[PDB]
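Chains as they are written, first to last, in UniProt numbering: chain A, 195 to 263, 270 to 584; chain B, 196 to 263, 270 to 584; chain C, 195 to 264, 269 to 584; chain D, 195 to 584.
Cβ atoms here follow ideal geometry from the backbone N, Cα and C, with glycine treated the same way.
Below is one structure, written out as structure tokens, with a few remarks after it.
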Amino acid sequence: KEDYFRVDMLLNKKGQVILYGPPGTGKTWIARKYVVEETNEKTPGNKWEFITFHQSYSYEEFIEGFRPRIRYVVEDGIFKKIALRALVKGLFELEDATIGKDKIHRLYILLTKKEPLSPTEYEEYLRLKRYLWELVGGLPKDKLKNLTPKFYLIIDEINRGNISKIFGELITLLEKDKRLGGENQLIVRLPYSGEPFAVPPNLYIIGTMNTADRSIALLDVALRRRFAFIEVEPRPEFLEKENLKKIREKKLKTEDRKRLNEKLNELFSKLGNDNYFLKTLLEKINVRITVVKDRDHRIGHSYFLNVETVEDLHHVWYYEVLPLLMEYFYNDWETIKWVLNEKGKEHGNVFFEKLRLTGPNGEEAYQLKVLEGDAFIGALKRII
Amino acid sequence: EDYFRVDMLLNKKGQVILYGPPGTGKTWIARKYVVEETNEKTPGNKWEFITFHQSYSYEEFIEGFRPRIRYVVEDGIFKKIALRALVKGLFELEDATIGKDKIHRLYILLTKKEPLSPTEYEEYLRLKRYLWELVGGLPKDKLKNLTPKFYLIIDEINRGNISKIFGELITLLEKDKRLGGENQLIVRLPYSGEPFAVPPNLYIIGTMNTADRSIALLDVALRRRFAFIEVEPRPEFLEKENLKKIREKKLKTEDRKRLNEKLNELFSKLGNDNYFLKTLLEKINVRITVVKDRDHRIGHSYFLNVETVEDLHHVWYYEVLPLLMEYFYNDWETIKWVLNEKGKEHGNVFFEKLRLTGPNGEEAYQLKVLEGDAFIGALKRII
Amino acid sequence: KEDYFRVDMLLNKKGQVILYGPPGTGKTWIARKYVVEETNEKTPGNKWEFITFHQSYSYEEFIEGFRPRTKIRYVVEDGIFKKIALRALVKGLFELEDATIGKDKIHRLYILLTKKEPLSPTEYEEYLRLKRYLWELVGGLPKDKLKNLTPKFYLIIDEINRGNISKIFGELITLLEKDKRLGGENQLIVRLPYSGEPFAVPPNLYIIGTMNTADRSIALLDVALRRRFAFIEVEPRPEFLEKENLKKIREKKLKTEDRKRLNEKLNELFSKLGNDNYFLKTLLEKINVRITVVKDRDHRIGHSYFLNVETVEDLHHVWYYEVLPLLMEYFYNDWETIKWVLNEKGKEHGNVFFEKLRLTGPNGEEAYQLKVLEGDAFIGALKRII
Amino acid sequence: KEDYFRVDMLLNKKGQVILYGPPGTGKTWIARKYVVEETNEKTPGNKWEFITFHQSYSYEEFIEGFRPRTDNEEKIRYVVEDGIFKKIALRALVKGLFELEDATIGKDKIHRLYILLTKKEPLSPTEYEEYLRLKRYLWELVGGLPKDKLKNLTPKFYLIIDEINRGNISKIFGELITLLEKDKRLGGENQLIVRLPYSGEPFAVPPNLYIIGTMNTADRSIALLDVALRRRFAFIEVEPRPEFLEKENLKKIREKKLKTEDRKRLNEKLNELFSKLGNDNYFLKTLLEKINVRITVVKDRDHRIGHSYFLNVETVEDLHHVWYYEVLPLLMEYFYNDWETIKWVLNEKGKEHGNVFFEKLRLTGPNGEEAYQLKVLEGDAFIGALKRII
Ligand SMILES: Nc1nc2c(ncn2[C@@H]2O[C@H](COP(=O)(O)OP(=O)(O)OP(O)(O)=S)[C@@H](O)[C@H]2O)c(=O)[nH]1
Ligand SMILES: Nc1nc2c(ncn2[C@@H]2O[C@H](COP(=O)(O)OP(=O)(O)OP(O)(O)=S)[C@@H](O)[C@H]2O)c(=O)[nH]1
Ligand SMILES: Nc1nc2c(ncn2[C@@H]2O[C@H](COP(=O)(O)OP(=O)(O)OP(O)(O)=S)[C@@H](O)[C@H]2O)c(=O)[nH]1
Ligand SMILES: Nc1nc2c(ncn2[C@@H]2O[C@H](COP(=O)(O)OP(=O)(O)OP(O)(O)=S)[C@@H](O)[C@H]2O)c(=O)[nH]1
Ligand SMILES: [Mg+2]
Ligand SMILES: [Mg+2]
Ligand SMILES: [Mg+2]
Ligand SMILES: [Mg+2]
């Protein structure tokens, strides 16, 4: 648990992390696994939330916005609700005579309530929010710093939405010192409600993002200072035989797992008795992609994580890896054949066989050749 | 062949995209696979057919605010078909915590073509939040195999902004992230504030044109969720036996024999060559592949309905010669070389060179209409 | 005719057609003529519609979109295509004899579709449940009954390339293919995003596009849309500019005694041209081959510029106010090309259309001016171009 | 006149013309003069309209669009209101159906529709539905009328579109690419009735209505209209006329307006002007000819200087103001940071630091960057610098 430990450390130092890398690495997996292993709660709900950003995601659905529920009810977004839940659950365990635990528990029932709030209860929600935000501030900073029952928000594909538009006052408030209990503790007031709001130290944010798409890759340095940035690189050592066996023996603790570790034995013996076939295959593929495009368009290891037989590797190759490589290099046949290091040969057991016709201006072109059986493993052996 | 690989890749990945040039039967094999898999010939209960375009948003697809005077969160097409797949999968799932009457009322509210009344919309929201309270406590090994199979064919999936339309479906569509999967995700939707997760009951078959690169699926993160099947042009369907085997698999009556001799009247005029259209499309696709992209190849649907020589003349002069002149605009040498008539500037040729020559040295050609045996003699030159 | 049979054959075979070519070749003319000759109606409405694509259409104004309908209601309203493709389907279900077809409801749906008044707020949900009953009926019908609906409906989409068709034709990338129409071997019934009600293009309907191919900025670069249409190149025919063909074209509509004047007006024309019936024909030929060699083949001058020419003053006005500005707009400030199109490149300072200016610039460049020639010097200048 | 006769015959033969040329040649004035000579109305209103296309002119404000309008003075709603062209086309068609002798026309309906097209106030919702129903009756009525009735309509309506290229003419027109042709109008041979997108009601251009556009061909950022859009309009070149700037010619043009005793004042003011220009009655004429020929060889033919800048010139200081505020910013706008060419148009190329319009600065940049400064000349030096342009 090393990536687990660095997510655990950089959440307790920066307050919030972003798991970046190429598509196919373990970002969403390590985020969801870390949060269900810290909260001890397998589903989203009270103690943690899972959201996904997109271009149809705005400030009004994230922090607060007007909604006709008629008059305008200032409906809180998901961040305001999880931050208020984190603050109220932290003021549960915070023993103090000024904290009225009867009103704080009523605010926790009003925040936990999955039903839409009645207009008889929305005024109670506003009054208890005013009492909560007039409670803190009068609370000392050394008590507001230590809040035990931590809350987590996983913003998957965080670079998909306009984060500077979605995060409103959260550009300022998400810094660890600008949270509650910190030394530069800052409680700003919100536009649509007028109520003061500040991020508690009880709530952490684990973003994940892919760095392949550069049109949505974040460049706001003032936004990037709020987050730690954990690079989840492609790990081809997960595709070694014993490591792939140990990974696939996670949810396999029955006799069917006995049908698993022999199914790899049919696989890796057919690959040439090499326990490092997929490992060095993805290694050579990623190191050849890194030098012709970038390191952020590397093939992640989750393409070959579900490979159990040779036909599974054939389907992952011809329907997930080769269309991805042909979308990487559109009509650039020399570069994609260099990625498979087939730049010299034009025929034979090859993935792109040369057409026997050259253009009127000297242009040439290739053809996707579907290899099967030992010829396919022989062509994959050439990449290593 | 293609049916078996669609059935195989739809189970291990959960969603497939049939891509390729126009003309190859991607929508055909998607519709045929889904009708042969659901045993119903109309979209509706167990499968839906949609087509993405630029007026698809996240609101019309998953959920969005719509006034009905009360602004309510109207579920889009995917949330209706995903809740329908989840509820219909929770029908046959025998358990003690699943109240079958609420699940059945939710299925009646989901499969209702009439718009829901305000007395039934709140019941719909209550049954939805009961459903999402239910599957948040259900084990993984019971949700892993829901009994029916629901399909959503998204034809021309690349014509809309897919990463904008698939709002929370970038995360949830992965087979290891569906309900009952090894890493089960349940996102929180922004508009309703209600949780949501794609069941393993529901499969997606996208189709995609790859000739147009302005709508190319360049999102590397979104290409990981789908398995990408290339439906290539198959010129071997235009062989004289395969043309009779394909065109008689749609009709069942006596007039199939009227199909037969009309084909034999065709290929006797082409030069007694049973592989005339096959080698014609193969040679033309090799020319297009070497002078333009391989995604601009001519599909076989142009020549599948060719049954006489006049239909081949109409398909040539009104479907693929405007297509070739649109491929190579004012590049007369390249379209001249695609029909391999680069030296032939006169005679029985498709583009006769004008005798007049411009002042800066440029020369132009003229589309010549060939009929009868001269047209077949010009088509024999391409082979 | 010939082009009439071309449009008829390709529209029956394909379902949709696009008459494309240079401006002024009779694409809108042969489209409107074919549609008023098939459906015997001189005015759109019942059996056919005429629309024009441009950048202010969208999917909402063509298929369906949300609109306010009077309190106020947020009502999804069908566009022109959904209205005509429900009208063609419902009119096709009149002559279908079947037990499951409830014609008392189909006739009410036809009355609500052909209702020129806007729908009442108590008559709109009647139309909605009638559409729901219709799409429950059509999905239950066998394919052989929907294969050949009895009438024929036409939608002339003129200047089709001027709008963003891939944005406008939302589901119609899929549905316009004749195998995906109703009763086809591979029929498809999409679900529309705004309403949620299903939709499918009947075989009753026939869309006819016309396209300007002189403009390259709006051309059909979309290859997948070009499968759905047949493509008729409507070339400029200068053989219509002969004296006998002008007498056949111009004296066809006005069948009164004025033909006995009009041919007289033609006899003053070509005798002023040199007693040559092929003056305008070879003039348009030897201009369009110049436009074909120095520009693309589809920036050519259409024959509709010279069809209304009756006297030499009309030819002078058509030359100096319609096609010489057009040639000056083709080759803007490119004098050695527009002068070469009129094949007066070596000529200057005479009976010429572009007189050379006596001044030369500091970089050695020169520019010419437009010279207006009248009388017989203009005809001697036009005789040079031939 | 002759230009008005040319506009009249090309407008009767094509239905719509465009007066195109450089700025300041009087294309708007020629269009307005011809229209007020036709309809005999000094102001727009019933029989003719005047609009200006700008960059933000849209189809929604030209044919029909969802415009906000208040219902019962309480709340705004977006309803489909007709633009300028649809209102003037319905007005022309209804006014032509006034004098049309036919029995199928319900005149007491049609006249009411004319009132609903001529009231200069927003329609109340009680009568806006009446206006919609009368439009539906009108398009049901002309859908059965023969061609011989609708061919000849008795009045003549005009729509002047000043600066027609400054908008997106295809996007603003829309259905008017097809409808504006003389054969595609009402009562024509190939009569066409489109179906508009927003209101969903039919529409067709009457032959009653004519369009006279003006086109500034100097700029070319937004000036490119399509070839099919060139086909609909006749195109009338309005050149700069420097022969309007001769002393007797400028006298007759300035005296064509109403002047009781100020004609002799204009006479003694114009004799004061040309006596300082070297006793040359043709000085402004050949000045504009030399500067326009020198514009034509280096710039486009459409970039010439219009003659109406010098039509108000009566004194020497008026000519100095016109030069230093109306034609030298025009030249500096055409030749932006092209100093040798704009110096060659005035043919003072190489002649620096004299009685010059563009004085060369005596500094030079790090890599040889050069700059010129607009020098203002007053008195005999300005007339001397004007003398060497010729
Ligand atoms: N056991 C194990 N499984 C992993 C690991 N990394 C990825 N996986 C598996 O691969 C699948 C895909 O990984 P995932 O984390 O979802 O990619 P991603 O980072 O979200 O990809 P993207 O969203 O940026 S496109 C997951 O379902 C997970 O089960 C790992 O380190 N260990
Ligand atoms: N029998 C049979 N018919 C086919 C086959 N491939 C294509 N066709 C026919 O050709 C037509 C075109 O196939 P289609 O599915 O529409 O291509 P497409 O993928 O939609 O092409 P596009 O949308 O990218 S433009 C179909 O109507 C189908 O009937 C095939 O393999 N077998
Ligand atoms: N008789 C006859 N008349 C024609 C023919 N072509 C054009 N015309 C006449 O010329 C006029 C212009 O034709 P039109 O239909 O507008 O050309 P177009 O192809 O639409 O030109 P555009 O819209 O791209 S600009 C028509 O009104 C018609 O009367 C023809 O082939 N035969
Ligand atoms: N008497 C008389 N006045 C003229 C003549 N030409 C132009 N004018 C006057 O000069 C002024 C400018 O003319 P104008 O019509 O605006 O030219 P323009 O082509 O429209 O200029 P622009 O709009 O492109 S900048 C007008 O006020 C007009 O009255 C003319 O020939 N005779
Ligand atoms: Mg992810
Ligand atoms: Mg398709
Ligand atoms: Mg037209
Ligand atoms: Mg003006």
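CB-CB length for residue i against residue j, believed under 8 Å
i	j	result
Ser250 of chain C	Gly337 of chain D	No, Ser250 of chain C and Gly337 of chain D are not in contact; Cβ-Cβ is about 25 Å, not under 8 Å.
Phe244 of chain C	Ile257 of chain C	Not really, about 18 Å apart at Cβ, beyond 8 Å.
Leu444 of chain B	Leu471 of chain B	About 12 Å separates the two Cβ atoms, so there is no contact after all.
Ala412 of chain B	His497 of chain B	5 Å
Residue interval of the alpha helix (DSSP H) (run including residue i)
i	result
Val516 of chain D	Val510 to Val516
residue 184 of chain A	Absent from the structure is residue 184 of chain A, since the part of chain A shown begins at 195 and ends at 584.
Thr372 of chain C	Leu370 to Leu373
Distance between residue j and residue i (C-alpha atoms, nearest Å)
i	j	result
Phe552 of chain D	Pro436 of chain D	24 Å
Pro349 of chain D	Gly290 of chain D	6 Å
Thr233 of chain B	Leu386 of chain D	48 Å
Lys281 of chain C	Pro400 of chain B	37 Å
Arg457 of chain D	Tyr476 of chain D	20 Å
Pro216 of chain A	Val432 of chain A	8 Å
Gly544 of chain A	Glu527 of chain C	52 Å
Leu540 of chain D	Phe576 of chain D	13 Å
Within chain B, partners of residue i - CB distance below 8 Å
i	result
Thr490 of chain C	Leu555, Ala565 and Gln567
Partners in chain C for residue i, counting only beta-carbon separations shorter than 7 Å
i	result
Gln249 of chain B	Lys365
Interface residues of chain D facing residue i [CB-CB closer than 8 Å]
i	result
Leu311 of chain C	Near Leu311 of chain C there are no residues of chain D at all, since even the closest Cβ is about 12 Å away, more than 8 Å.
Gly239 of chain C	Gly337 and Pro396
First and last residue of the uninterrupted beta strand (DSSP E) at residue i
i	result
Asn410 of chain A	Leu403 to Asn410
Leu213 of chain B	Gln210 to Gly215
residue 268 of chain A	Position 263 is followed directly by 270 in chain A, which means residue 268 of chain A is not present among the coordinates.
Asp356 of chain A	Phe351 to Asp356
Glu324 of chain C	From DSSP, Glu324 of chain C is part of no beta strand (DSSP E) but of the alpha helix (DSSP H) over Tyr322 to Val336.
Chain A residues whose Cβ lies nearer than 7 Å to that of residue i
i	result
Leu204 of chain B	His515 and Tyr519
Closer than 8 Å at the beta carbon, the chain C residues around residue i
i	result
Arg263 of chain B	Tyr272
Under 8 Å from the C-beta of residue i: neighbouring residues of chain A
i	result
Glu232 of chain B	In chain order: nothing, as chain A lies at least about 19 Å away.
Contact list for residue i against chain A, beta-carbon separation under 9 Å
i	result
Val487 of chain B	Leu555, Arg556, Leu557, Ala565 and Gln567
Where residue i meets chain D, residues with beta-carbon distance less than 9 Å
i	result
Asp494 of chain C	Chain D residues near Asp494 of chain C: none, gap ~11 Å exceeds 9 Å.
Cross-chain neighbours of residue i in chain C, by beta carbon under 9 Å
i	result
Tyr253 of chain D	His248, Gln249 and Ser250
### Query
What residues in the region 370-392 of chain B bring their beta carbon closer than 9 Å to a beta carbon of chain A?
Within the region 370-392 of chain B, the qualifying residues are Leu370, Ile371, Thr372, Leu373, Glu375, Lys376, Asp377, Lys378, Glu383, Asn384, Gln385, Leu386, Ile387, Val388, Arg389, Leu390, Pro391 and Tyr392.
### Where the region 415-431 of chain C meets chain B: residues whose CB sits under 8 Å from a CB there
The region 415-431 of chain C vs chain B, Cβ under 8 Å: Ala417, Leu418, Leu419, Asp420, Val421, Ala422, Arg424, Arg425, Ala428, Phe429, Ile430 and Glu431.
### Query
When Cβ atoms are compared, which residues of the region 540-553 of chain D fall closer than 9 Å to chain C?
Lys543
### Contact set between the region 350-362 of chain C and chain D, restricted to residues whose Cβ is under 7 Å from the partner
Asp356, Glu357 and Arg360
### Task
Scan the region 445-463 of chain A for residues whose Cβ lies nearer than 8 Å to a Cβ of chain B and list them as they occur along the chain.
For chain B, the residues of the region 445-463 of chain A that bring a beta carbon within less than 8 Å of one of its beta carbons are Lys450 and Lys451, in chain order.
### Task
Using a Cβ-Cβ cut-off of less than 7 Å, give me the residues of the region 211-225 of chain C that come near chain E, in sequence order.
The question asks about chain E, but that chain is absent: this structure's protein chains are A, B, C and D.
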